[PDB]
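J.: For reference, the structure I am asking about is given below.
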Amino acid sequence: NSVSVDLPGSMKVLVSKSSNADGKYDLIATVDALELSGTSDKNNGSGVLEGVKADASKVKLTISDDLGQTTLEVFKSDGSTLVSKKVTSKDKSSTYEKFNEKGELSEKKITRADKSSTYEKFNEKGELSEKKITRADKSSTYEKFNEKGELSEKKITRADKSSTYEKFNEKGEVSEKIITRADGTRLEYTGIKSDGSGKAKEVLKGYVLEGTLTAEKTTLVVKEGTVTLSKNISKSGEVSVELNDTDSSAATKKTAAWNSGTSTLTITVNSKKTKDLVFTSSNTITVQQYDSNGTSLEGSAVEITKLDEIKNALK
């Protein structure tokens, strides 16, 4: 009875095999579970189809004469005031627009055949409030603007899904910064001052470490008893670790040395190695004990999944 035709925009149109009572072919398509209908002079699938939502919104599909382009418009019941408009080309490039209660543009997304896109939102004044550019490798830049058109926030996402997000104050200074690594862990910096110093939080799997940011380095700090562990992170992200114990007793005091070749901190008390804390490439920490002679590692390294286990290692 019908021939199904595939169109730009993952749409399908059904064309009657036979002409109807007139010199015309009947067209039906379902878009978002609303059936649209029309009639055309041609039997290729081109034409205009229309339907009406339950709430009296008018939906109009226009398929170009050569099937090179489809336009799908949703209007208010007046049939003129736009609610949304989607234009797709055969080469899979599209333009999707949403409109506010006035029928003025409020969002626009333009997608190219390679899947890169640009997205803009406009405020109730027709001013740009957000913009996101996504590249073919899936890297992106995202910007948000305030009412003065000043940059309020920016996020740069790399192809490996690592990212740097910044919030800016009215002096144009970074007040907050979040660095997300490709492993998914994050460094969060808040309260950034004019000298580039602030509070620092490292968000790891199962726990969070807290410390401070200077222009020189981030330092995260875990304290247990008289022992303090400091994880330093350089600007380029290199981790080094140190341990200080205030214990004055030669019998009990911990000291540690860091091997940056193995990313391992080895703790000694009373002349024997006691444990090795390895800071792995996936930003996790493992711990393994030396046998009571302090000269060989025993058992197996254990991956730390909670903050209490790091404290327990510093006992």
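Residues are referred to by chain and number: the chain letter is A, B, ... according to the order shown in the structure tokens, the number counts from 1 in that chain, and ligands are numbered separately from 1 in the order shown.
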I'd like the neighbourhood of residue 7 (chain A) as a PyMOL selection string, where a residue qualifies if any of its atoms comes within 12 Å (using only C-alpha atoms), though same-chain residues fewer than 5 positions away should be ignored.
T.: chain A and resi 12-14+29+44-47+61-72+87-92
J.: Using only C-alpha atoms, which residues of region 232-254 of chain A come within 12 Å of region 267-277 of chain A, and what is the closest atom pair for each, with the distance in Å to one decimal? Give it as JSON lines, sorted by chain and residue number.
T.:
{"residue": "A:240", "atom": "CA", "partner": "A:277", "partner_atom": "CA", "distance": 11.7}
{"residue": "A:241", "atom": "CA", "partner": "A:277", "partner_atom": "CA", "distance": 9.6}
{"residue": "A:242", "atom": "CA", "partner": "A:267", "partner_atom": "CA", "distance": 10.0}
{"residue": "A:243", "atom": "CA", "partner": "A:267", "partner_atom": "CA", "distance": 8.3}
{"residue": "A:244", "atom": "CA", "partner": "A:267", "partner_atom": "CA", "distance": 10.5}
{"residue": "A:245", "atom": "CA", "partner": "A:269", "partner_atom": "CA", "distance": 10.5}
{"residue": "A:247", "atom": "CA", "partner": "A:269", "partner_atom": "CA", "distance": 11.0}
{"residue": "A:248", "atom": "CA", "partner": "A:270", "partner_atom": "CA", "distance": 11.7}
{"residue": "A:249", "atom": "CA", "partner": "A:270", "partner_atom": "CA", "distance": 9.2}
{"residue": "A:250", "atom": "CA", "partner": "A:270", "partner_atom": "CA", "distance": 6.1}
{"residue": "A:251", "atom": "CA", "partner": "A:270", "partner_atom": "CA", "distance": 5.1}
{"residue": "A:252", "atom": "CA", "partner": "A:269", "partner_atom": "CA", "distance": 6.0}
{"residue": "A:253", "atom": "CA", "partner": "A:269", "partner_atom": "CA", "distance": 5.8}
{"residue": "A:254", "atom": "CA", "partner": "A:269", "partner_atom": "CA", "distance": 4.8}
J.: From a DSSP calculation on the backbone, collect every residue of region 38-200 of chain A in strand (DSSP E or B) and output the set as a ChimeraX atom specification.
T.: /A:38-40,47-52,58-63,69-75,82-89,94-99,105-111,117-122,128-134,140-145,151-157,163-168,174-180,186-190,198-200
J.: Do you have the CA of residue 163 (chain A)-CA of residue 239 (chain A) distance handy?
T.: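 Distance between the two atoms: 18.5 Å.
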J.: Using Å and a single decimal, report how far CA of residue 26 (chain A) sits from CA of residue 51 (chain A).
T.: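 So the answer is 14.0 Å.
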J.: Determine the nearest neighbour of residue 37 (chain A) from the options A:80, A:234, A:111, A:16, counting only C-alpha atoms.
T.: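 Among the listed residues, A:16 lies closest to residue 37 (chain A).
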J.: Nearest to residue 285 (chain A): which of A:135, A:193, A:205, A:217 is it, counting only C-alpha atoms?
T.: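 Closest to residue 285 (chain A) of all the choices is A:205.
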J.: Fewer than 3 positions away in the same chain doesn't count, so skip those; otherwise give me all residues within 7 Å of residue 129 (chain A), counting only C-alpha atoms, as an mmCIF file with N, CA and C atoms, in the first residue's frame.
T.:
data_model
loop_
_atom_site.group_PDB
_atom_site.id
_atom_site.type_symbol
_atom_site.label_atom_id
_atom_site.label_comp_id
_atom_site.auth_asym_id
_atom_site.auth_seq_id
_atom_site.Cartn_x
_atom_site.Cartn_y
_atom_site.Cartn_z
ATOM 1 N N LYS A 121 23.098 29.581 24.269
ATOM 2 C CA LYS A 121 21.829 29.900 24.956
ATOM 3 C C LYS A 121 21.773 31.413 25.014
ATOM 4 N N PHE A 122 20.578 31.987 24.890
ATOM 5 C CA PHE A 122 20.403 33.421 24.933
ATOM 6 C C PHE A 122 19.471 33.752 26.057
ATOM 7 N N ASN A 123 19.710 34.877 26.735
ATOM 8 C CA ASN A 123 18.842 35.226 27.873
ATOM 9 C C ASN A 123 17.590 35.961 27.411
ATOM 10 N N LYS A 144 30.266 30.485 30.308
ATOM 11 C CA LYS A 144 29.024 31.043 30.838
ATOM 12 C C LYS A 144 29.262 32.500 31.118
ATOM 13 N N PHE A 145 28.312 33.361 30.759
ATOM 14 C CA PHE A 145 28.455 34.796 30.911
ATOM 15 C C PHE A 145 27.391 35.300 31.858
ATOM 16 N N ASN A 146 27.740 36.325 32.645
ATOM 17 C CA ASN A 146 26.757 37.000 33.481
ATOM 18 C C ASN A 146 26.050 38.131 32.728
#
J.: Find the spatial neighbours of residue 233 (chain A), counting only C-alpha atoms, within a cut-off of 12 Å - ignore same-chain residues fewer than 3 positions away - and output them as a ChimeraX atom specification.
T.: /A:187,200-202,211-221,230,236-242,279,283
J.: Only C-alpha atoms, please: the residues just picked out, written as a PDB file, in the first residue's frame.
T.:
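For reference, part.pdb as written:
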ATOM      1  CA  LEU A 187      41.635  18.506  42.610  1.00  0.00           C
ATOM      2  CA  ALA A 200      42.661  22.446  48.180  1.00  0.00           C
ATOM      3  CA  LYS A 201      40.704  19.194  48.266  1.00  0.00           C
ATOM      4  CA  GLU A 202      41.693  16.017  46.328  1.00  0.00           C
ATOM      5  CA  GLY A 211      45.200  20.822  52.271  1.00  0.00           C
ATOM      6  CA  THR A 212      46.232  24.099  50.662  1.00  0.00           C
ATOM      7  CA  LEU A 213      47.245  25.575  47.344  1.00  0.00           C
ATOM      8  CA  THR A 214      50.066  27.956  46.829  1.00  0.00           C
ATOM      9  CA  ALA A 215      51.489  29.206  43.570  1.00  0.00           C
ATOM     10  CA  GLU A 216      54.381  26.716  44.257  1.00  0.00           C
ATOM     11  CA  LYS A 217      52.390  23.578  44.829  1.00  0.00           C
ATOM     12  CA  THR A 218      49.327  21.899  46.268  1.00  0.00           C
ATOM     13  CA  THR A 219      49.931  20.097  49.632  1.00  0.00           C
ATOM     14  CA  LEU A 220      47.378  17.617  51.046  1.00  0.00           C
ATOM     15  CA  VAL A 221      47.843  16.619  54.661  1.00  0.00           C
ATOM     16  CA  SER A 230      52.030  15.545  53.168  1.00  0.00           C
ATOM     17  CA  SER A 236      52.430  19.782  36.210  1.00  0.00           C
ATOM     18  CA  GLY A 237      50.831  17.278  38.497  1.00  0.00           C
ATOM     19  CA  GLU A 238      53.866  15.372  39.766  1.00  0.00           C
ATOM     20  CA  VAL A 239      53.248  13.759  43.177  1.00  0.00           C
ATOM     21  CA  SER A 240      55.871  13.654  45.921  1.00  0.00           C
ATOM     22  CA  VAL A 241      55.223  12.659  49.497  1.00  0.00           C
ATOM     23  CA  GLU A 242      56.921  13.451  52.826  1.00  0.00           C
ATOM     24  CA  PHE A 279      51.159   6.199  45.202  1.00  0.00           C
ATOM     25  CA  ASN A 283      45.948   8.089  42.052  1.00  0.00           C
TER      26      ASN A 283
END
J.: Which residues, written as a ChimeraX atom specification, have at least one atom at most 12 Å from residue 105 (chain A), with only C-alpha atoms counted and residues fewer than 5 positions away on the same chain left out?
T.: /A:81-85,96-100,120-128
J.: With only C-alpha atoms as the counted atoms, please give the residues lying no more than 8 Å from residue 119 (chain A), apart from itself and same-chain residues fewer than 5 positions off, as a list in words.
T.: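 Once the nearby chain positions are removed, what remains is residues 107, 108, 109, 110, 130, 131, 132 and 133 of chain A.
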J.: Hey, can you check how far CA of residue 188 (chain A) sits from CA of residue 264 (chain A)?
T.: 24.4 Å
J.: Between A:93, A:260, A:246, A:169, which is the closest to residue 112 (chain A) once you count only C-alpha atoms?
T.: A:93
